[PDB]
Amino acid sequence: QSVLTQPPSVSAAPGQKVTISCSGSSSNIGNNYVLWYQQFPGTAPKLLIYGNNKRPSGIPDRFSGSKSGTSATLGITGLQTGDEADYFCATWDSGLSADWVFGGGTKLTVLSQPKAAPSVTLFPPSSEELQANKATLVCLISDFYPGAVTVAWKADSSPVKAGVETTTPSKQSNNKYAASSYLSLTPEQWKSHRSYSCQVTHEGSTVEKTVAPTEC
Amino acid sequence: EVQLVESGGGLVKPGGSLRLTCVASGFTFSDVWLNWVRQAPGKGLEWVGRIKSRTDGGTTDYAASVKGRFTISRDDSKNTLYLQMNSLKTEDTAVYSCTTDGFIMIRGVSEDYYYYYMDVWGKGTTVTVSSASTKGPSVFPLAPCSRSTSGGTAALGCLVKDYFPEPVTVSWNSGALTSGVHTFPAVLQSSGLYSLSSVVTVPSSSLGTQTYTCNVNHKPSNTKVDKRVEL
Amino acid sequence: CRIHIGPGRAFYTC
């Protein structure tokens, strides 16, 4: 629900090129001018592009920008390992308060190992938690690369979106990533359905695990 | 140092008030417009408001989400920016940072152009708005629905549930077990309480050869829990 | 004159 919309992640190998898009509305991007920033973990944002397509001092020409309608794009060529970072767009709103507005950010991964599919384990609620009159399904996701996934839950065959929390991926020791997701249920809901599923999508491929109350 | 440094963050209950301060060093503070921005957990940056320089009138603009509740002011003599927050809501929970507007100038023959951008950025201060009282976690075992496969691997873990405030720390077998271990970030439940999980992946054959105990430490409530997990 | 490209700024000043 960031005001400007960016893809959560993009990736390519050293030497290659990528684009990162930023989508807004006429009240922001459409009528105003776009900035792009680079940000490494634990560091401050660094300006890369201003006025849609201009580079400030010290920014090499392999970074470029364009604006089209209510969208904007950052282009990066000749990727270096040192370019791995978060990239976000910004502009302002055309109302009288003139808010600065921002994109949600895009994690750029400069590929340094083969892409790796996540291992998924879905844990059912424990007997102990059920005795406490609660029930939590825990979907644990690990060893994926690059570090971005989406998670979808199902009760039987139907999507379930309520009672879901998911963590943002964090680096493991082997430079692959892990994440977690939780589905909160009443003991009653848990016993009701014949199964619950956690579906994890990574780089266009889905891994699914299912648990059944009448099997645990 | 050329920098902005925020302070004053902390825990406050809904309906309460809190004032943040932001101290500038190393540049002419009175010459710049300043912003407050914030970033909620798992969310993107949101602008909170600005105050202009004295030469431009010293006026303030605010995001619709905080209008009538937050007030920005500046004391040029002290190089200091303030954010006074009143009638705080749980959704105001975030890291709050101050920034300056800077500009790039481009000379033309008849007009000079000035392109503005957020230039100097503070590191931020954390504000948590919650009605919750301190509470130690319940700890539940995480074990899979069916028997592990021969020749394969097995995952087991601990669900650390319903504690406040952050943080908790988790070790396994008193810290002796680190290989294959991952402790995840906390999530915030509807209840206003936090939960996290910690797991370890081991060879299926390793099962039955030793015990696996998660050690949970919640310093804010002076609670420690050891929980064995059996597969 | 000056042209100001950013939020809250008067667009043209002289």
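Reconstructed Cβ throughout: ideal geometry from the backbone, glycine too, with neighbour counts over all protein chains shown. The values are calculated or read from the model by the stated rules, or taken from the named source; no laboratory instrument gave them.
Looking at the range B:172-197, which of its residues are closer than 25 Å to A:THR186 by Cβ and not in a loop (DSSP other than H, G, I, E, B)?
In the first step, residues of the range B:172-197 are kept if they are closer than 25 Å to A:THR186 by Cβ; the result is B:184, B:186-197.
Passing the criteria: B:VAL187, B:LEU188, B:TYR194, B:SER195, B:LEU196, B:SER197.
Does A:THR91 count as farther than 30 Å from B:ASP61 by Cβ, touching a strand residue (DSSP E or B) at 6+ places or on another chain (Cβ under 8 Å), among the polar types (S, T, N, Q) and outside the structural domain of A:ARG194 (by CATH)?
Criteria not met by A:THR91.
Evaluate the range A:24-33: report whether one residue or more is within 14 Å of another protein chain (Cβ to nearest Cβ) and part of a strand (DSSP E or B).
no
Filter the range B:26-49 for residues that are under 14 Å from B:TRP121 (Cβ atoms), out of contact with any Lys or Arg (no Cβ under 7 Å at 6 or more places or on another chain) and in contact (Cβ under 8 Å) with a residue 12 or more places away in the chain; which is surrounded by the fewest Cβ atoms within 10 Å (Cβ to Cβ)?
B:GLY26
Filter the range A:1-23 for residues that are hydrophobic (A, V, I, L, M, F, W, C), away from every other protein chain (no Cβ under 14 Å) and over 15 Å from the mean Cα position of the chain (by Cα) and give the result.
Listed by number, the residues that qualify are A:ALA12, A:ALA13, A:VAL18.
I'm checking my understanding of the structure. Among residues of the range A:169-191 that are farther than 16 Å from A:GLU84 by Cβ and among the hydroxyl-bearing types (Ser, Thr, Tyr), which one is nearest to the other protein chains (Cβ to nearest Cβ)?
So, considering only residues that are farther than 16 Å from A:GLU84 by Cβ and among the hydroxyl-bearing types (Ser, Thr, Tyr), the one nearest to the other protein chains (Cβ to nearest Cβ) is A:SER180.
For the range A:53-95, which positions are within 14 Å of chain C (Cβ to nearest Cβ), outside any loop (DSSP other than H, G, I, E, B) and charged (D, E, K, R)?
Here is the first cut: in the range A:53-95, the residues within 14 Å of chain C (Cβ to nearest Cβ) are A:53-54, A:56, A:67, A:90-95.
This time we only want the ones that are outside any loop (DSSP other than H, G, I, E, B), so: A:54, A:67, A:90-92.
A:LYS54, A:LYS67, listed by residue number.
Being crowded, with 18+ Cβ neighbours inside 10 Å and touching an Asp or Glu at 6+ places or on another chain (Cβ under 9 Å) is the filter; apply it to the range A:170-184 and report the residue that is farthest from A:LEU122 (Cα to Cα).
A:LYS176
Looking at A:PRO114, is it closer than 25 Å to A:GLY204 by Cα and either in a loop (DSSP other than H, G, I, E, B) or β-branched (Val, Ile, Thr) (or both)?
Criteria met by A:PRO114.
Which of the residues spanning the range B:151-175 are of a type in the set (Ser, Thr, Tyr), away from every other protein chain (no Cβ under 13 Å) and surrounded by fewer than 20 Cβ atoms within 10 Å (Cβ to Cβ)? Don't jump to the end; show me each part of the working.
Start the filter on the range B:151-175 by keeping residues that are of a type in the set (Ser, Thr, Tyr), which leaves B:153, B:163, B:169, B:171, B:174.
Subsequent filtering for residues that are away from every other protein chain (no Cβ under 13 Å) retains B:163, B:169, B:171, B:174.
Once the filter is applied, which keeps residues that are of a type in the set (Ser, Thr, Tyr), away from every other protein chain (no Cβ under 13 Å) and surrounded by fewer than 20 Cβ atoms within 10 Å (Cβ to Cβ), the range B:151-175 yields B:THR169, B:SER171, B:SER174.
How many residues are more than 8 Å from chain A (Cβ to nearest Cβ), surrounded by 17 or more Cβ atoms within 10 Å (Cβ to Cβ) and farther than 18 Å from A:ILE141 by Cβ when one looks only at the range B:178-192?
Looking only at that region, the number is 0.
Residues are listed down the side, and each one gets a yes or a no for (1) surrounded by 19 or more Cβ atoms within 10 Å (Cβ to Cβ); (2) without any contact (Cβ under 8 Å) to a residue 24 or more places away in the chain:
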site: A:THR136; (1), (2): yes, no
site: A:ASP143; (1), (2): no, no
site: A:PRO146; (1), (2): yes, no
site: A:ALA152; (1), (2): no, no
site: A:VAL164; (1), (2): no, yes
site: A:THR168; (1), (2): no, yes
site: A:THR186; (1), (2): no, no
site: A:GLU208; (1), (2): no, no
site: A:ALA212; (1), (2): no, yes
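Yes or no: B:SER110 farther than 15 Å from B:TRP33 by Cβ, polar (S, T, N, Q), out of contact with any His (no Cβ under 7 Å at 6 or more places or on another chain) and within 14 Å of chain C (Cβ to nearest Cβ)?
When the stated conditions are applied, B:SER110 passes them.
Starting from the range B:98-122, take each residue that is in contact (Cβ under 8 Å) with a residue 60 or more places away in the chain and closer than 17 Å to B:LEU20 by Cβ and list its partners that are aromatic (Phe, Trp, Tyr) and assigned to a strand (DSSP E or B), counting only C-beta distances under 7 angstrom and pairs at least six apart or across chains.
From the range B:98-122, the pairs are B:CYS98/B:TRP36; B:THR99/B:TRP121.
Taking the range B:147-172 as the region of interest, how many residues are without any contact (Cβ under 8 Å) to a residue 60 or more places away in the chain, among the polar types (S, T, N, Q) and under 28 Å from A:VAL211 (Cα atoms)?
So the count comes out to 4.
Among the residues that make up the range B:138-150, is at least one of them crowded, with 19+ Cβ neighbours inside 10 Å, in contact with a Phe, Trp or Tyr (Cβ under 6 Å, 6 or more places away or on another chain) and away from every other protein chain (no Cβ under 13 Å)?
Within the range B:138-150, none of the residues are crowded, with 19+ Cβ neighbours inside 10 Å, in contact with a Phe, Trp or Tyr (Cβ under 6 Å, 6 or more places away or on another chain) and away from every other protein chain (no Cβ under 13 Å).
I'm trying to understand the selection: among the residues of the range A:119-138, which are within 20 Å of B:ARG147 (Cα to Cα), outside any strand (DSSP E or B), more than 7 Å from chain B (Cβ to nearest Cβ) and of a type in the set (S, T, N, Q)?
Answer for the range A:119-138, where residues must be within 20 Å of B:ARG147 (Cα to Cα), outside any strand (DSSP E or B), more than 7 Å from chain B (Cβ to nearest Cβ) and of a type in the set (S, T, N, Q): just A:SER127.
Just wondering, is there one or more residues in the range A:120-134 that are without any contact (Cβ under 8 Å) to a residue 24 or more places away in the chain and among the hydrophobic types (A, V, I, L, M, F, W, C)? Spell out how you get there, then give the answer.
Our first condition is that a residue be without any contact (Cβ under 8 Å) to a residue 24 or more places away in the chain; within the range A:120-134, this holds for A:126-129, A:131-132.
Narrowing further to those that are among the hydrophobic types (A, V, I, L, M, F, W, C): A:132.
Scanning the range A:120-134, I find at least one residue that is without any contact (Cβ under 8 Å) to a residue 24 or more places away in the chain and among the hydrophobic types (A, V, I, L, M, F, W, C), so the answer is yes.
Quickly run through the range A:107-149 and pick out the residues that are over 11 Å from A:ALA179 (Cβ atoms), in contact with a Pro (Cβ under 7 Å, 6 or more places away or on another chain) and polar (S, T, N, Q).
A:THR109, A:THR121, A:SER126, A:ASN133, A:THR136 - these are the residues of the range A:107-149 that are over 11 Å from A:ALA179 (Cβ atoms), in contact with a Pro (Cβ under 7 Å, 6 or more places away or on another chain) and polar (S, T, N, Q).
Looking at the range A:28-43, which of its residues are surrounded by fewer than 18 Cβ atoms within 10 Å (Cβ to Cβ) and over 16 Å from C:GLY6 (Cβ atoms)?
If the condition is that a residue be surrounded by fewer than 18 Cβ atoms within 10 Å (Cβ to Cβ) and over 16 Å from C:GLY6 (Cβ atoms), then A:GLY30, A:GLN39, A:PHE40, A:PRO41, A:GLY42, A:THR43 are the ones that fit.
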